[PDB]
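A.B. asks: Show me the folded form of this:
(one chain, ligands or ions: 1)
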Amino acid sequence: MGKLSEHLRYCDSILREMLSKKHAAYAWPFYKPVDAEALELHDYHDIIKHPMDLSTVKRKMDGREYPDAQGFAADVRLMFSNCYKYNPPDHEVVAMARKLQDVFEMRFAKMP
Ligand SMILES: CC(=O)NCCCCCCNC(C)=O
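C.D. replies: Residues are numbered from 1 along each chain as shown. You can find the structure just below:
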């Protein structure tokens, strides 16, 4: 695969930070697709029409599917939005999403 553009090399760095040990205490719920059968979330796919998670963002980045930084960011925000949408606002996983999202939004805004 071709080299990523400058902006996307920075985005790849954000992705690797979001998957790193540093943020694992709150990032782990986003590592893989929500397994609705395994978790018995019978209504998950009724409510969330476009699932997203970090392994999928990685698959897409490694496959050069993002045309620009905005495309990457849309997927990342979709991942957080799905979490806020599906779950009750007081669930632990919502607080974990928000902690991770604080990291994302700060790193993304400082993109050179
Ligand atoms: C996923 C897990 O292994 N344990 C319990 C956490 C449930 C989280 C609800 C579904 N996940 C998201 C990201 O909305």
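A.B. asks: centroid residue for the protein?
C.D. replies: residue 76 (4.0 Å; Cα atoms, centre = their mean).
A.B. asks: tell me which parts of this protein are close to the ligand?
C.D. replies: 29-30, 34, 39, 83, 86-87, 93 (Cβ under 6 Å from any ligand atom). Any C-beta I mention is one placed from the backbone N, CA and C, and that applies to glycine too.
A.B. asks: List buried residues within the residues you listed.
C.D. replies: Among the residues of the chain next to the ligand, the ones that count as buried by 16 or more other Cβ atoms under 10 Å are 29-30, 34, 83, 86-87, 93.
A.B. asks: residue contacts, residue 7?
C.D. replies: Residues in contact with residue 7 (Cβ atoms under 8 Å, 6 or more residues apart in numbering) are 68-69, 111.
A.B. asks: got a winner among the residues you listed for most neighbours?
C.D. replies: Using other Cβ atoms under 10 Å as the neighbour criterion, residue 69 leads the contacts of residue 7 with 17 neighbours.
A.B. asks: Give me the nearest residue to it, chain neighbours excluded.
C.D. replies: residue 7 (4.3 Å; Cβ to Cβ, 6 or more residues apart in numbering).
A.B. asks: How is the one you found assigned, secondary-structure-wise?
C.D. replies: helix (DSSP: H, G, I helix; E, B strand; the rest coil).
A.B. asks: nearest spatial neighbour of the residue lying farthest from the centre of the chain, skipping sequence neighbours?
C.D. replies: Relative to the mean C-alpha coordinate of the chain, counting by Cα atoms, centre = their mean, the farthest residue is residue 2 (23.2 Å). The spatially closest residue to residue 2, leaving aside those adjacent along the chain, is residue 64, at 6.2 Å (Cβ to Cβ, 6+ apart).
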